[PDB]
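Structure first, then comments.
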Amino acid sequence: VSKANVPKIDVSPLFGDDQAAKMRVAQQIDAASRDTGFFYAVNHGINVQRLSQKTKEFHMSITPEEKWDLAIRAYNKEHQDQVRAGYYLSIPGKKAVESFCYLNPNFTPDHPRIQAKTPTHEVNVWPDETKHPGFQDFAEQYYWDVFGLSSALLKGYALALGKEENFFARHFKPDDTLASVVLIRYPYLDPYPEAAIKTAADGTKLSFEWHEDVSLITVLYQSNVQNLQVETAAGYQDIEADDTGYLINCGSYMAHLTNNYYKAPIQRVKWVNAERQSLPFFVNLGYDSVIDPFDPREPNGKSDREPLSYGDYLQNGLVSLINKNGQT
Ligand SMILES: CC(C)[C@@H](NC(=O)[C@H](CS)NC(=O)CCC[C@H](N)C(=O)O)C(=O)O
Ligand SMILES: [Fe+3]
């Protein structure tokens, strides 16, 4: 198995006012998006030093009682409103991974989308503060920290596609973004349940099968344990780990609106018997956000594809991923 070209791109110019420097970042994003589809954003300004420890301590300190109390609808029929946000329980002997997902902290009972019961909008559930001191504060701060990084990255993608730098970020707003964070724990298990291991067509043992991200872009931090693979025409290639950079790639919404110029890479997770943490931030727009498709491969830039409302796209994408790759 070969290794994917995943360049490290210094994205710090995307926070500044040096427009030519931003174009040089955009060029690198373009090249990476046209190659394997991945790059590492470095010099990003986020303090990732304790992210994995906090994630690990939370999952290892939360009790079965608390897990049920926070569980999403898939694990607790009492919580019919929790489709996205809440705890995703492991099933010992069957399912190793466990996780906790939260949404826009601004989704409160006062929010008109909560008032209207619009799909994909939910009020976050949180554990008891005294049992997990500082956890909710850390989590909400992280949401906005990575929101800021993602907003700059979207300026890079816009410039890379020949657009004004706010072409994407104008739709990415704190008051309505459907973006999510997931704090995922992959445990070390001895013995590891074979039932939790899937075998790929090529014989690779996997924890999670091939998929395309449901997002505009995905902004991912992982602990330093190699696991991800990207599919190329020559087969699946290992994505090396990087314990300070953020792994970036385009989701299927970007593939749609660019007429497949920036494809959504097919990715999978190799099975590794190791304690590790995976923290994706899914850059989602607002429920009614619509981006008009274009084709950067055409002189007139014209695409015949339908503009897609992002909320309906997200609703369809998340259900499809569950149906295909199972409930996480
Ligand atoms: C890096 C990825 C492969 C990561 N997995 C993931 O990101 C997984 C599987 S593709 N993502 C999802 O299932 C979509 C989560 C959407 C979230 N609940 C929401 O409501 O917005 C991992 O480490 O497992
Ligand atoms: Fe993915």
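Residues in the structure tokens are named by chain (A, B, ... in the order shown) and by number from 1 within that chain; ligands are numbered from 1 in the order shown.
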
Where does stretch 208-317 of chain A meet stretch 23-43 of chain A within 9 Å, residue by residue, with the nearest atom pair and distance in Å to one decimal for each, counting only C-alpha atoms, listed by chain and rising number, as CSV?
```
residue,atom,partner,partner_atom,distance
A:219,CA,A:41,CA,8.9
A:230,CA,A:36,CA,7.2
A:231,CA,A:36,CA,8.0
A:232,CA,A:36,CA,6.9
A:239,CA,A:38,CA,8.7
A:242,CA,A:40,CA,8.0
A:244,CA,A:42,CA,7.3
A:245,CA,A:42,CA,4.9
A:246,CA,A:41,CA,5.1
A:247,CA,A:40,CA,4.6
A:248,CA,A:39,CA,5.4
A:249,CA,A:38,CA,4.9
A:250,CA,A:37,CA,7.0
A:261,CA,A:34,CA,7.5
A:262,CA,A:33,CA,5.8
A:263,CA,A:37,CA,7.1
A:264,CA,A:37,CA,7.2
A:265,CA,A:37,CA,5.8
```

Subject >> Nearby residues (only C-alpha atoms) at most 8 Å from stretch 96-111 of chain A, same-chain spacing under 2 positions excluded, as number ranges by chain >> reply: A: 59, 84-94, 113-115, 121-125, 140, 143, 174-187, 193, 196, 328

So that I have them on file, write out the residues from the current selection with N, CA and C atoms, as a compact mmCIF listing (two decimals), in the first residue's frame.
```txt
# COMPACT_ATOMS: atom_id res chain seq x y z
N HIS A 59 -14.66 10.66 27.68
CA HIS A 59 -15.26 9.36 27.42
C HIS A 59 -14.93 8.34 28.50
N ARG A 84 -29.08 14.14 16.03
CA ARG A 84 -27.68 14.43 15.78
C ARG A 84 -26.86 14.59 17.06
N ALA A 85 -27.36 15.36 18.02
CA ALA A 85 -26.57 15.77 19.17
C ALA A 85 -26.80 14.83 20.35
N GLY A 86 -25.71 14.45 21.00
CA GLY A 86 -25.78 13.58 22.16
C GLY A 86 -24.71 12.51 22.10
N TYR A 87 -24.84 11.52 22.97
CA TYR A 87 -23.84 10.47 23.10
C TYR A 87 -24.17 9.29 22.19
N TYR A 88 -23.13 8.74 21.57
CA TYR A 88 -23.23 7.60 20.66
C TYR A 88 -22.52 6.44 21.37
N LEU A 89 -23.30 5.52 21.94
CA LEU A 89 -22.71 4.50 22.80
C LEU A 89 -21.98 3.42 22.00
N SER A 90 -20.90 2.92 22.58
CA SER A 90 -20.30 1.68 22.10
C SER A 90 -21.18 0.50 22.50
N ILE A 91 -20.97 -0.63 21.85
CA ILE A 91 -21.62 -1.88 22.22
C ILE A 91 -20.54 -2.91 22.46
N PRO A 92 -20.12 -3.11 23.72
CA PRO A 92 -18.99 -4.00 23.98
C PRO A 92 -19.18 -5.36 23.31
N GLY A 93 -18.12 -5.83 22.65
CA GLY A 93 -18.15 -7.07 21.92
C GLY A 93 -18.64 -6.95 20.49
N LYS A 94 -19.22 -5.81 20.12
CA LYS A 94 -19.82 -5.63 18.80
C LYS A 94 -19.33 -4.36 18.13
N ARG A 113 -35.43 28.34 14.34
CA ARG A 113 -35.42 27.01 13.74
C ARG A 113 -35.77 25.93 14.76
N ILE A 114 -35.43 26.15 16.02
CA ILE A 114 -35.91 25.27 17.08
C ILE A 114 -37.41 25.48 17.29
N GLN A 115 -37.85 26.74 17.32
CA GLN A 115 -39.28 27.02 17.45
C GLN A 115 -40.08 26.35 16.34
N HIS A 121 -31.86 20.75 13.14
CA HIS A 121 -31.60 21.70 14.22
C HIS A 121 -32.00 21.08 15.55
N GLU A 122 -31.10 21.15 16.53
CA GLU A 122 -31.37 20.62 17.86
C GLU A 122 -30.65 21.47 18.89
N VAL A 123 -31.15 21.42 20.13
CA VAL A 123 -30.48 22.04 21.27
C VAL A 123 -29.50 21.03 21.86
N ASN A 124 -28.24 21.44 22.01
CA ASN A 124 -27.22 20.55 22.54
C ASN A 124 -27.60 20.02 23.92
N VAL A 125 -27.24 18.77 24.17
CA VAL A 125 -27.33 18.17 25.50
C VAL A 125 -25.92 18.09 26.07
N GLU A 140 -17.71 24.44 23.80
CA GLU A 140 -18.28 25.56 23.06
C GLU A 140 -17.18 26.48 22.55
N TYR A 143 -15.74 24.89 19.45
CA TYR A 143 -16.62 25.10 18.31
C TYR A 143 -16.33 26.43 17.62
N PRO A 174 -22.42 32.33 12.42
CA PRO A 174 -22.65 31.77 13.76
C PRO A 174 -24.12 31.64 14.12
N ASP A 175 -25.00 32.45 13.53
CA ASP A 175 -26.39 32.42 13.97
C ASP A 175 -27.18 31.26 13.38
N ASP A 176 -26.71 30.64 12.29
CA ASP A 176 -27.48 29.58 11.65
C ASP A 176 -26.67 28.39 11.16
N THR A 177 -25.35 28.35 11.36
CA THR A 177 -24.57 27.26 10.80
C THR A 177 -25.01 25.92 11.37
N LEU A 178 -25.15 24.94 10.48
CA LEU A 178 -25.46 23.56 10.85
C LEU A 178 -24.21 22.75 11.14
N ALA A 179 -23.06 23.41 11.29
CA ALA A 179 -21.81 22.70 11.53
C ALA A 179 -21.87 21.93 12.83
N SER A 180 -21.11 20.84 12.89
CA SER A 180 -21.09 19.96 14.05
C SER A 180 -19.66 19.61 14.40
N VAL A 181 -19.44 19.35 15.69
CA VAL A 181 -18.23 18.73 16.20
C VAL A 181 -18.61 17.34 16.70
N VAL A 182 -17.73 16.37 16.48
CA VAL A 182 -17.88 15.04 17.04
C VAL A 182 -16.59 14.69 17.76
N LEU A 183 -16.71 14.29 19.02
CA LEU A 183 -15.58 13.85 19.82
C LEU A 183 -15.63 12.33 19.85
N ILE A 184 -14.74 11.69 19.09
CA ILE A 184 -14.78 10.25 18.87
C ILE A 184 -13.65 9.60 19.65
N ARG A 185 -13.97 8.52 20.36
CA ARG A 185 -12.97 7.69 21.01
C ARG A 185 -12.90 6.35 20.28
N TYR A 186 -11.70 5.99 19.84
CA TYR A 186 -11.43 4.65 19.37
C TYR A 186 -10.65 3.95 20.47
N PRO A 187 -11.19 2.91 21.10
CA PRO A 187 -10.50 2.31 22.25
C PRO A 187 -9.47 1.27 21.84
N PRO A 193 -12.91 -7.15 19.60
CA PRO A 193 -14.03 -7.92 19.02
C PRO A 193 -13.96 -7.94 17.50
N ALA A 196 -16.48 -6.02 15.42
CA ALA A 196 -16.31 -4.60 15.17
C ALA A 196 -15.35 -4.32 14.03
N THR A 328 -23.35 4.93 13.82
CA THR A 328 -22.10 5.11 14.55
C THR A 328 -22.38 5.30 16.04
```

Subject >> strand (DSSP E) call set, DSSP backbone run, stretch 104-306 of chain A, as an MDAnalysis selection string >> reply: chainID A and resid 180:186 198:199 205:211 217:222 228:232 235:238 246:250 267:270 276:283 290:291

Subject >> Nearest candidate to residue A:199 (options A:269, A:65, A:277, A:126; using only C-alpha atoms) >> reply: A:269

Original post:
Which residue, A:120, A:303, A:258, A:136, has the smallest gap to ligand 1 when you use only C-alpha atoms and all ligand atoms?
Top reply: A:120

**OP:** Using only C-alpha atoms and all ligand atoms, find each protein or nucleic acid residue lying at most 9 Å from ligand 2; present the set as an NGL selection string.
**Re:** :A and (210-214 or 218 or 249 or 251 or 265-269 or 280)

**OP:** Give me, please, the distance in Å between atom CA of residue A:117 and atom CA of residue A:306, quoted to one decimal.
**Re:** 26.2 Å

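Using only C-alpha atoms, the protein and nucleic acid residues lying no more than 8 Å from residue A:271, apart from those fewer than 3 places from it along its own chain, are residues 197, 205, 206, 207, 208 and 227 of chain A.
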
Could you please take those selected residues and save C-alpha atoms as a PDB file, in the first residue's frame?
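File written: out19.pdb
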```
ATOM      1  CA  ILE A 197     -13.777  -5.210  12.370  1.00  0.00           C
ATOM      2  CA  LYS A 205      -9.186  -4.692   8.044  1.00  0.00           C
ATOM      3  CA  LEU A 206     -11.294  -1.593   8.685  1.00  0.00           C
ATOM      4  CA  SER A 207     -13.072   0.129  11.545  1.00  0.00           C
ATOM      5  CA  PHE A 208     -15.249   2.143   9.128  1.00  0.00           C
ATOM      6  CA  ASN A 227      -5.562   5.204  10.371  1.00  0.00           C
TER       7      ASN A 227
END
```
